[PDB]
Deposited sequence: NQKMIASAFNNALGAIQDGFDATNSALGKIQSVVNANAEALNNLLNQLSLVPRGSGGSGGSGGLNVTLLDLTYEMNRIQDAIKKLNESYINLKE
């Protein structure tokens, strides 16, 4: 009970770290895929990715998780 809630609280903390990391990962990727995309764009005019939604949804889920912790003294 207090053991069940404690093990659930630990899990939560680890689920947010993972999504946190996932979100940090999606940022670097879009920054790079897009940096290189535009680079290849610059090269092509001489012969002449948007993860907003997903990242925000993950940020919202982390928020929701944080709101799921059980207050053991309760």
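Note: segments 1, 50-68 of the deposited sequence have no C-alpha coordinates in the structure.
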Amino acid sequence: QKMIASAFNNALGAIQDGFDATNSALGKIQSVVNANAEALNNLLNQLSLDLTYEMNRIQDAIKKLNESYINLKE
From here on, numbers count along this sequence of modelled residues.
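The PDB entry records a higher mean C-alpha B factor for 36-44 than for its counterpart among 23-31 and 36-44. According to the PDB record, 53-61 carries the higher mean C-alpha B-factor of the two stretches 8-16 and 53-61.
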